Amino acid sequence: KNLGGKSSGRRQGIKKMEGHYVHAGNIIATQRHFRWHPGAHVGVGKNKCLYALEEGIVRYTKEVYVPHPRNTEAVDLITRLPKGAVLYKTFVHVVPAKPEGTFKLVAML
Amino acid sequence: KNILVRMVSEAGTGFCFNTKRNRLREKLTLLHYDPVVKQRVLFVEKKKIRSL
Amino acid sequence: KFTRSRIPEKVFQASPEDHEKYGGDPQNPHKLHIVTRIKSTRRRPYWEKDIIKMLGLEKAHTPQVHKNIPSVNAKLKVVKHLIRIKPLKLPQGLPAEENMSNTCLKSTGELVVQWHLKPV
Amino acid sequence: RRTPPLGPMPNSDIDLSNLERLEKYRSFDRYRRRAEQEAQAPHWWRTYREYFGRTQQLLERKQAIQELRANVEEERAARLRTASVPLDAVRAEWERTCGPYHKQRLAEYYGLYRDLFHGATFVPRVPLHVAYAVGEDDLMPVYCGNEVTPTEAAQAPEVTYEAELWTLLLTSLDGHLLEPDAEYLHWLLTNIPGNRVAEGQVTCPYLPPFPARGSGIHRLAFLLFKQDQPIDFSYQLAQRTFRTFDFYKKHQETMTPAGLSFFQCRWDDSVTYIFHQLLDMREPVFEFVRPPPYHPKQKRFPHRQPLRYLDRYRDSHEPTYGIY
Amino acid sequence: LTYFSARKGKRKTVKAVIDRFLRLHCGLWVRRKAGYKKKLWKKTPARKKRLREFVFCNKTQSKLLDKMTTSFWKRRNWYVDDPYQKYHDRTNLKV
Amino acid sequence: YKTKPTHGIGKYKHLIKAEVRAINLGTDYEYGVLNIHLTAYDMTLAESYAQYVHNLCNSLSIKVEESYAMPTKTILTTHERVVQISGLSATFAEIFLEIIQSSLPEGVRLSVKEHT
RNA sequence: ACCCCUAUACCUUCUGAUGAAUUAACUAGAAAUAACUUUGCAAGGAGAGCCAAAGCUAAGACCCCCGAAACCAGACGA
RNA sequence: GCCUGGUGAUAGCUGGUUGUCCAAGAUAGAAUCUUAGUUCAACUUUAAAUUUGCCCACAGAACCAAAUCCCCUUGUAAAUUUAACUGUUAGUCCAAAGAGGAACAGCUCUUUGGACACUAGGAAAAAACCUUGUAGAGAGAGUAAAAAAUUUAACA
RNA sequence: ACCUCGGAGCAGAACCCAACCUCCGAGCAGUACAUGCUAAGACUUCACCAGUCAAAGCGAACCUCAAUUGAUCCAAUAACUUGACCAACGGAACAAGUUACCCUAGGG
Ligand SMILES: [Mg+2]
Ligand SMILES: [Mg+2]
Ligand SMILES: [Mg+2]
Ligand SMILES: [Mg+2]
Ligand SMILES: [Mg+2]
Ligand SMILES: [Mg+2]
Ligand SMILES: [Mg+2]
Ligand SMILES: [Mg+2]
Ligand SMILES: [Mg+2]
Ligand SMILES: [Mg+2]
Ligand SMILES: [Mg+2]
Ligand SMILES: [Mg+2]
Ligand SMILES: [Mg+2]
């Protein structure tokens with residue numbers, strides 16, 4: 001009497017591991033709950049998927065988690081902590097490769 | 001419980017768009033956006049399309 | 001499940017007992033290995049079959065020279081159960097262009113650069 | 001397969017058996033404070049920072065503020081929050097006391113030390129004051145990092161500073177057209193007696209700033225040097241070019257820097273006048289050119305792409321006709 | 001399909017294929033997306049923007065559609081004010 | 001990641017306790033849950049004194065479970081406030097009770113009664 | 001010659017029962033859209049029609065044998 | 001009924017498919033009135049164009065075991081793309097991790113890896129265990145795997 | 001008893017992984033009416049079909065939930081749009097029981 005459960009794998013996880021060159025708009029990793037958070041130059045979709053906002057190299061770090069004050073779930077999770085207790089998460093960053101443009105000589109007026 | 005109705009623009013006319021609204025509440029008037037006037041304009045609902 | 005096997009590093013750390021057993025010096029080690037396939041790649045996983053093809057040991061009982069560098073040592077650590085390793089020792093020098101043709105690698109592990117066929 | 005942590009893990013020392021006996025962050029703000037402190041600490045894992053990075057004074061000050069809070073109108077005005085502050089006294093006393101460290105911050109933020117002296121930091125002790133004449137009525141002051149037009153800086157400025165020799169220097173850290181390293185100076189007055197400027201040996205006379213059109217926004221350095229022993233020194237832009245580092249290296253024995261004031265310039269019509277009139281060359285015009293957009297390698301069968309895909313890879317928007 | 005007709009002994013086109021697809025002269029078949037005019041009330045505007053697109057076909061879909069039409073449909077067409085005419089020749093491929 | 005040295009850097013549920021008799025075993029002795037009833041003919045002195053008790057207890061690191069009030073009675077009206085306390089020491093029983101004794105304003109009585 | 005030693009008939013169907021006494025004769029891969037190879041000519045090719053943004057023309061090279069119960073029409077039969 | 005015709009009916013089913021010699025070549029799946037079948041994919045094959053492929057080191061991949069991904073060096077020689085098509089798939093057993101069953105089955109269902117549907121030697125015979133692979137002749141030689149070991153009970 | 005979709009275990013750490021295996025669920029509701037238009041770059045349920053994410057831009061302000069669903073043709077409509085418990089859920093436009101009289105082609 002166990003019907004259902006025939007759903008397939010979502011094929012989620014990391015698409016660009018650390019060190020990988022990444023162009024703008026590449027999906028870095030799709031998750032189902034926030035396993036990785038967006039860091040520098042990384043955006044988030046409605047599906048909690050991390051994509052890239054610049055061209056560069058993906059890096060994963062461990063950072064202090066300080067949520068938005070209007071996020072009453074995580075903020076209520078803060079205030080229960082003891083006085084030294086600091087939350088960390090793993091973040092994903094894109095270190096941007098190129099300069100965003102050069103000055104070039106155009107005309108000798 | 002809900003109804004899919006069409007919403008006809010009052011100006012820049014011939015423009016419709018569909019919405020959901022309850023069976024029991026009143027006839028919708030909205031401020032949608034006409035891309036023909038390219039403004040926000042009152043729409044009035046004219047016909048229920050399908051009772052979803 | 002049968003998987004690829006990591007081997008810990010304590011396995012590849014010699015003891016002075018072993019320096020008494022085999023003929024090695026931890027200071028000034030040897031440059032070149034002689035590797036020989038002495039076991040089949042049949043009934044072995046496909047990764048070991050590949051490493052045997054990379055090291056150039058498709059034919060058994062045929063010696064091959066390698067460098068004693070950590071990359072080649074990593075490949076050798078994968079297939080160390082199929083091969084035999086001895087140091088290439090060189091009693092005289094490495095062969096010059098004069099002695100290039102007249103060499104012979106002996107069984108001992110040494111490579112002699114003058115190979116007559118006369119008795120001493 | 002666990003490998004043990006390299007240094008201490010976070011949330012280790014506070015991890016006790018009795019959490020309910022431990023007093024907690026009652027707030028959001030305290031966690032933000034502690035959290036920022038832990039952000040600034042050096043760690044052993046990979047972090048964002050790796051990749052993207054006397055007694056009489058206290059006596060007179062205590063009696064001074066103690067006399068300040070004693071007046072009834074100060075308390076009554078402050079509790080009715082209609083009390084204010086004279087900005088001028090704060091300005092001049094700021095010029096006196098802790099201004100030099102702040103001008104040091106502004107010179108470090110604007111990269112005057114990494115470029116002007118290869119990182120040799122110093123402190124501008126002298127509260128220098130430079131201003132350009134804006135007609136006859138008013139005059140545009142130069143503070144550290146201001147914007148001043150080259151029309152305002154057409155004529156050499158009035159320099160006043162309270163001190164007792166001196167060598168004053170102006171440079172343009174970025175305005176060099178040919179070399180990406182050197183900089184054109186604008187005027188270098190030396191051996192200056194006291195605090196009058198006119199009696200200085202005008203070695204290199206005054207040019208206005210000339211930033212080229214579209215070449216962005218320029219910074220212009222007023223150095224002011226404590227001189228000990230008066231030394232002799234020494235419109236062609238091959239002659240206005242030098243570097244302040246190895247200039248100062250020749251003369252650092254009996255001269256130390258004592259004053260900064262630097263400012264920004266952009267293009268203006270006066271710079272048309274500078275290039276054409278007195279430099280006698282055509283003006284260079286620059287444009288900020290962004291890199292071309294990445295598109296992947298074009299496929300034979302661009303499966304499921306829209307029809308726009310063929311336009312990413314073409315270069316003419318006109319009907320080509322081929323062999324016909 | 002019919003490989004040899006009974007009257008002419010020629011190949012025949014499948015007219016479903018012509019009725020749904022567009023052969024560009026370079027070999028690309030353009031199609032419309034399935035369900036682009038169904039149940040639009042329950043689709044997000046991103047999805048509706050995706051369905052109102054002219055989508056190219058696969059390689060094997062392309063070869064399947066080539067085999068199901070004839071050489072009349074594979075031919076240069078110099079129409080007057082053709083909307084798709086700038087998409088026939090293939091610009092700037094590096095294979 | 002499970003094999004890296006920074007494994008479990010992000011865990012936090014051991015830092016929140018997301019969840020009665022007295023404990024007097026052999027050496028470490030403590031009262032169970034208590035009740036402190038405050039009855040007065042004044043809302044003001046009972047509420048305010050309950051504040052002073054409650055701020056003492058927070059200022060001396062005591063678990064204060066509740067600080068509710070009981071309904072009044074038709075008599076004049078008698079008001080009650082119940083400020084629960086759990087866990088004291090031998091010395092801290094004496095030192096804690098002597099201040100509540102020595103801080104009563106006017107005619108408001110006490111209770112060190114326990115639960116049920 | 002045998003004795004010695006070695007040696008689990010063939011086809012087919014399954015991951016690893018079928019059919020055949022034997023001989024002779026008979027008995028089972030049919031299509032050139034597109035691609036490829038080779039020529040011709042070449043911004044044109046083709047002996048009208050057709051194709052052509054190096055193409056077009058020509059050739060070469062690819063698609064089995066036997067076997068039901070049935071259904072229908074018309075006859076012949078007590 | 002039987003005969004002739006339609007009729008070379010139709011058959012996803014059974015059976016059969018004829019010279020030589022060489023080469024390359026075996027186990028993911030998804031849909032389906034579908035599980036005796038097809039279509040797409042995966043794998044396979046040829047031709048072509050190009051440039052990397054494989055092995056991999058630090059670093060790196062989450063909160064609520066064995067390992068893998070990623071990956072420069074290095075060791076090697078392949079890979080991807082373009083063109084054109086066929087064929088194959090309930091695999092079996094062994095080792096390992098498991099599920100169902102009786103911690104039965106030469107039982108059923110997944111995963112990782114071997115081997116077998118490719119050779120030879122051994123294990124009694126012997127698909128799947130061990131040794132071993134690339135092809136010929138030799139009345140040469142060195143080897144690999146490779147032979148089951150056990151025998152007991154006095155008592156103050 | 002089931003047939004489609006989702007979550008968890010099996011399947012401990014990238015992805016994938018079966019069973020008439022073990023347990024939960026779904027076939028909506030609510031809010032908004034810029035839930036406008038366009039468009040680089042990507043992910044993808046092992047094919048296809050479907051699905052997802054999205055910077056910049058123009059125009060304006062100053063969506064939650066996991067699943068929450070259905071192709072083509074055809075209809076209806078001036079148009080925009082709408083149409084299945086087609087749930088056997090890749091869906092034939094509409095077809096039940098039974099044969100120890102069964103029959104044929106095969107398999108065990
Ligand atoms: Mg599942
Ligand atoms: Mg599945
Ligand atoms: Mg035969
Ligand atoms: Mg008769
Ligand atoms: Mg037949
Ligand atoms: Mg059939
Ligand atoms: Mg072969
Ligand atoms: Mg069907
Ligand atoms: Mg079938
Ligand atoms: Mg690489
Ligand atoms: Mg896929
Ligand atoms: Mg069905
Ligand atoms: Mg179905």
Side-chain angles (χ1 to χ4, degrees), chain A residues 1-15 17-20 23-27 29-30 33 35-36 43 45-47 49 51-53 59-60 89-90, chain B residues 1-2 4 6 14-19 30-33 35 38 40 49-50, chain C residues 1-6 40 42-47 50-51 53-56 61 66-67 69-72 74-75 78, chain D residues 1 46 293-296 300 308 312 320-324, chain E residues 3-4 11 33-35 37-41 44-47 49 58 60-61 63 66-67 70-71 75-76 89 95, chain F residues 1-4 8 10-13:
Chain A
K1 291 195 170 186
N2 290 309
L3 53 94
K6 285 176 178 173
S7 174
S8 295
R10 284 84 62 82
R11 268 78 174 175
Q12 290 177 355
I14 284 176
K15 271 76 199 187
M17 290 289 178
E18 167 156 352
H20 285 182
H23 297 285
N26 285 98
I27 294 169
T30 60
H33 299 96
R35 181 166 172 185
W36 311 281
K46 306 163 169 81
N47 282 116
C49 77
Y51 65 98
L53 283 172
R59 302 293 188 191
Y60 295 77
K89 303 290 183 176
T90 86
Chain B
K1 178 170 171 64
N2 291 321
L4 198 279
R6 87 168 72 252
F15 190 80
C16 299
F17 85 105
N18 310 332
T19 55
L30 293 178
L31 271 178
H32 199 77
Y33 164 71
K38 295 164 191 178
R40 293 173 201 179
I49 297 172
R50 187 181 63 79
Chain C
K1 299 185 184 62
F2 176 63
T3 53
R4 205 160 321 188
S5 69
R6 302 192 303 110
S40 196
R42 307 295 306 137
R43 313 184 179 260
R44 289 282 91 204
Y46 65 95
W47 57 85
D50 294 350
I51 299 304
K53 288 184 53 67
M54 297 169 193
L55 293 171
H61 315 304
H66 282 295
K67 298 168 161 160
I69 65 177
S71 327
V72 174
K75 293 196 181 54
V78 168
Chain D
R1 180 184 68 250
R46 306 284 77 74
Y294 170 71
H295 295 298
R300 279 281 276 279
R308 307 189 290 270
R312 277 85 166 259
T320 182
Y321 283 91
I323 209 51
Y324 306 98
Chain E
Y3 294 88
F4 297 95
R11 290 172 83 99
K33 292 197 74 71
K37 54 166 61 172
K38 294 219 64 60
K39 305 179 179 61
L40 285 187
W41 63 276
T44 182
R47 185 179 171 183
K49 166 66 160 56
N58 202 353
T60 66
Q61 284 166 359
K63 303 309 190 302
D66 282 329
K67 290 182 186 296
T70 60
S71 309
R75 160 237 155 68
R76 303 287 299 184
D89 183 75
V95 176
Chain F
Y1 188 64
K2 269 161 141 195
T3 72
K4 295 279 100 169
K11 57 170 69 181
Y12 60 90
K13 286 291 290 183

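A note on names: the letters A, B, ... follow the listed sequences, proteins ahead of strands, and every chain is numbered from 1. Only heavy atoms go into these numbers, but all of them, side chains included; no hydrogens, no water, no symmetry mates.
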Taking atom types as they are modelled, is there a donor-acceptor pair under 3.5 Å from the base of [N] to the side chain of [X]?
X	N	result
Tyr51(A)	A40(I)	no
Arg42(C)	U131(H)	no
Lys11(F)	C63(H)	no
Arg40(B)	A34(I)	yes
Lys38(B)	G59(I)	no
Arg6(B)	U82(I)	no
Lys38(E)	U82(I)	no

What does [X] touch in the nucleic acid at a heavy-atom separation under 4.0 angstrom: a base, only the sugar-phosphate, or nothing?
X	answer
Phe15(B)	nothing
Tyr60(A)	sugar-phosphate
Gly4(A)	base
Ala34(E)	sugar-phosphate
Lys67(C)	sugar-phosphate
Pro45(C)	sugar-phosphate
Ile14(A)	sugar-phosphate
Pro296(D)	sugar-phosphate
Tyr46(C)	sugar-phosphate
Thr70(E)	nothing
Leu40(E)	sugar-phosphate
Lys33(E)	sugar-phosphate
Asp50(C)	nothing
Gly45(A)	sugar-phosphate

Can you check whether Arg1(D) reaches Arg6(C) side chain to side chain, under 4.5 Å on heavy atoms?
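Yes, their side chains come closer than 4.5 Å.
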Could you tell me whether the side chain of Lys75(C) reaches within less than 4.5 Å of the side chain of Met54(C), counting heavy atoms only?
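In short, these two side chains touch, coming nearer than 4.5 Å.
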Distance, [atom1] atom - from [M] to [N], rounded to whole angstrom:
N	M	atom1	answer
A57(H)	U73(H)	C1'	8 Å
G51(I)	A67(I)	P	14 Å
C69(H)	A14(I)	P	13 Å
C85(H)	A39(I)	P	36 Å

Just by modelled atom types, is the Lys67(E) backbone N or O under 3.5 Å from a matching donor or acceptor in the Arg11(E) side chain?
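Judged by distance alone, yes, a pair lies under 3.5 Å.
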When the distance from [atom1] of [X] to [atom2] of [N] is rounded to whole Å, what number comes out?
X	N	atom1	atom2	result
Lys39(E)	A50(I)	NZ	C1'	13 Å
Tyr294(D)	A39(I)	OH	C1'	17 Å
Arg43(C)	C93(H)	CZ	P	17 Å
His20(A)	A59(H)	NE2	P	16 Å
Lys53(C)	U74(H)	NZ	P	22 Å
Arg11(A)	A47(I)	CZ	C1'	12 Å
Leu3(A)	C24(I)	CG	P	10 Å
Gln12(A)	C17(I)	CD	P	12 Å

I want to confirm an ordering. Mapping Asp89(E) and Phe4(E) to their closest nucleotides on RNA chain G, which one lands closer to the 5' end?
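The answer here is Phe4(E).
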If you pin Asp66(E) and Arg76(E) to their nearest nucleotides in RNA chain G, which one's is more 5'?
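Looking at the nearest nucleotide for each, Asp66(E) comes out on the 5' side.
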Applying the 5.5 Å / 30° rule, does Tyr33(B) stack onto the base of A34(I)?
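Yes.
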If you take the six-membered rings of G122(H) and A123(H), are their centres closer than 5.5 Å and their planes within less than 30° of each other?
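Stacked: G122(H) and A123(H) meet both the distance and angle limits.
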For RNA chain H, stems built from three or more consecutive Watson-Crick or G-U wobble pairs below 3.5 Å
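So the stems come out as G:71-74 with H:3-6, H:29-32 with H:37-40, H:45-54 with H:75-84, H:91-100 with H:107-116, H:120-122 with H:129-131.
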On RNA chain H, compare the nucleotides closest to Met17(A) and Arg44(C); which residue's is nearer the 5' end?
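The 5'-side residue here is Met17(A).
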Would you mind telling me which residue lines up with the more 5' stretch of RNA chain H, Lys63(E) or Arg1(D), judged by nearest nucleotide?
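The residue closer to the strand's 5' end, by nearest nucleotide, is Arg1(D).
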Based on the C1'-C2'-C3'-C4' dihedral, does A53(G) have a north or a south sugar?
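That sugar belongs to the south family, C2'-endo side.
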Please determine whether [M] and [N] constitute a Watson-Crick or G-U wobble pair, defined by two donor-acceptor distances each under 3.5 Å.
N	M	result
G97(I)	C103(I)	no
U104(I)	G6(I)	no
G90(I)	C48(I)	yes

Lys11(F), NZ atom: more than 12 neighbouring heavy atoms under 6.0 Å
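For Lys11(F), atom NZ is not crowded (no more than 12 foreign heavy atoms under 6.0 Å).
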Using Watson-Crick or G-U wobble geometry with both distances below 3.5 Å, tell me the partner of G9(I), or none.
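The base-pairing partner of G9(I), which may sit in any strand shown, is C21(I).
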